[PDB]
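Below are two forms of the same protein chain, given as structure tokens: structure 1, then structure 2.
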Structure 1
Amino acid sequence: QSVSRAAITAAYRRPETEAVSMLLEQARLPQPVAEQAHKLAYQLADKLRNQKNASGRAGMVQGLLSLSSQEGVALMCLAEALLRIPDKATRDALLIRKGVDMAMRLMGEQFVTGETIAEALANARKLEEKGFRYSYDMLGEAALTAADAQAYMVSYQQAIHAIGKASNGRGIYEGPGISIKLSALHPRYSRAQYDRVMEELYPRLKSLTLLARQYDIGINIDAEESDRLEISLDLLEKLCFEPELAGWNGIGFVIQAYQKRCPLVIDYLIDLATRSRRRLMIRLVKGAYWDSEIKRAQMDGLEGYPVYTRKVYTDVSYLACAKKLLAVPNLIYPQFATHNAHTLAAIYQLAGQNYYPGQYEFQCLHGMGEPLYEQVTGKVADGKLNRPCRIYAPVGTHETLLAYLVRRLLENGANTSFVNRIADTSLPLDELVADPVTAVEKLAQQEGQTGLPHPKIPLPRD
């Protein structure tokens, strides 16, 4: 393997104390930057939470209470009835499968942009008028048969034609793009071998990428489970050297900060952009498959996890990786995917003075990020930050929704998730937007060393 490929492999399941200790001084915000990130994060999270005055209203409720909850309700029901007395004088003087299917569809609706690419493309004008951008995700993954993969191929091809016509020359930055999953383009990808992936999957990836280039829209390769990282790099490496793609910078690639390999993957990507003479569109995410990654490692009984076991470590990893990406704007267009107010504010500060549109963009999932990003994308005059956000827009029917929805349920329902915590009016804003580096050092001082694994998540062999 090349030097940078070797380093990736060696870091696969690096001990957490060692990986976190390494990332820490790379992720640490210089003092004035930390202060500004904190102030901005606090302000974003304050507006997000208290837009319709949720905390003030909760603090009138508690302030009334000397009664019980359900009691105070009884009173309000009465006070409401009294306020419906028109005249104040009078007032004063006085099966299992189908249950799961329905619940999925009902909870999943909010995360879906449209049933078909045409409906999706139509629902996007409203936010596009405001400076938002889109990346369309034709739902459907883990193709089991040759036929399934073929259908996904056809669906992607048709989406590119529709998106590309809608883009009408706006280009890879200002115009919409598409996101694809490699698992959709090859039967039984989860266990597919190198030779068959190259022989069958690659011609599909190349074909779609060339079509995306013809319309000049971005084409992003989503990141999936950790044991597919390697083959996805081999596929990316070959793609970047196609003569037909020379001089074109619309190839996009996701990297997952929850993996120990992430910074090493960045070193590889930097070298690849250099050798293949292009700017790569790189989406930095934390990661969508954490629960399954943990479970898989525990069943396979290997020496360690390929992901961090404490959420704060992933946050620290994201910040370190963000700095690495921002240091090479000639080689990488970073796309910072997050719904976390601190993370956003930190990136905003880390990106430095003198923003220009092609420096970087934020990204968010449809149904999750719009309220936060409504403070971000737009004009300074309107009280926004004037930073563009690209909305990830799932497209498809109920038959294609299950796996995506489950990942959204895990993301939204986890007590460690920012989106879950901000919805807790009890949890103070300062804790919500607490600096992850400082949080890691707190743990270290309490525990006896830096980057210990989650106490409840022993090594697979233990």
Structure 2
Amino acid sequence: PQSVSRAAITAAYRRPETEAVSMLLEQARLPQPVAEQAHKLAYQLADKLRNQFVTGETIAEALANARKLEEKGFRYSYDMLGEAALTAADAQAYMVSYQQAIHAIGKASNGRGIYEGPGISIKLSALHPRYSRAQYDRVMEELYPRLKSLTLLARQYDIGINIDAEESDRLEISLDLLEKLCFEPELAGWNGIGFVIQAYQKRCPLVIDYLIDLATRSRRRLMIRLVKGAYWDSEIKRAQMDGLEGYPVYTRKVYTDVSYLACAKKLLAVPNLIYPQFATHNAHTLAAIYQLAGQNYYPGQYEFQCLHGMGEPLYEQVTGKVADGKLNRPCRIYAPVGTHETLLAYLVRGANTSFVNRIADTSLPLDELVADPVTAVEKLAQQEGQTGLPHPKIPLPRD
């Protein structure tokens, strides 16, 4: 059974890009004081940037190697990576591996809790055979009890447990799993449940409204990892192959940047209901959130996140003491754990390296690198005669 907010999500599924962008544009606005500040900071972070991906083969080794950056203010979220589960036995192997990881992480956490201590990150596609194409009934029957069991194990140790986000046609299933989990009696009062949402989806703002509703109804604070989205190519491909009325995601990168900012504001507005975790390696996005979060930061207000191997050089400037030239804002490192061989997944994941490749391009000016998304959309509208038009090289599926 659904709440009104929950039922509201469907409509936005693949709504016209011009409409979606129009609704959101001004919501992504940086106040003038904020915008100038964010630009200056963004500039100095990217400029400083213009001047290894596996944390450990086992969780014990990952934990051993974590002190170095934890001492500097970083936090960690560990994920036992590997291929999607194909059989129930694969799923169970992953289950066993997650359980063992939680005992180890919990022990190392040693009562640090869900904010300051490390946490676990899980992938639903690891926990159910052929999840990408699995049926609702079977997921609820077989996946849910695993998710609940892992979550209770994390509560026992008081560590955060985060649910990943995958392809857009998995969204609704994942939300049902989240809703049921939030009403478990044994989880009452505990706020360590975490969930990923993807800004590149047109449904994202509506998903946020539902999450706010859910946190309210279930009397908790949700830990929400806001990312841009990792599956853009395949989202575009699948909609074309299926001949849909439109895309579930934006087709221009700047639109996703606009969406991320508008969504970040919505998250920050409700400190009682949400602990926002801003996962980005983009220097402007970081700087903007930093200013948007306002004055009088406190540790439990929010955190940044990044991928191991991609984010440290940026966040070395952010996490740490102000006396040392840092910003004193925590960053949680997402740390893949497993045999280095199984790192092939990393290589498997252009779209997702937009900013990091652009900052590597020393022929690209820093000022265009850290340009305001909203301002850029207005410029595009000026040139093209209308706001929020789809990428010119990507027509609708039925074209």
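Rigid core (definition): largest C-alpha set, two forms, superposition within 1.5 Å. The first residue in the sequence of structure 1 is number 1, and each one after it adds one.
Here the two forms are overlaid on the core, and between the two structures the C-alpha of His398 is the only one among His38, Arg28, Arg421, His398 to shift by 2 Å or more. Comparing between the two structures on a rigid core frame, one finds that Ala122 has its C-alpha moved by 1.0 Å.
Superposed on the rigid core, the forms differ at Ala6: its CA is offset by 2.4 Å between the two structures. The rigid core superposition between the two structures gives a CA shift for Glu141 of 4.2 Å.
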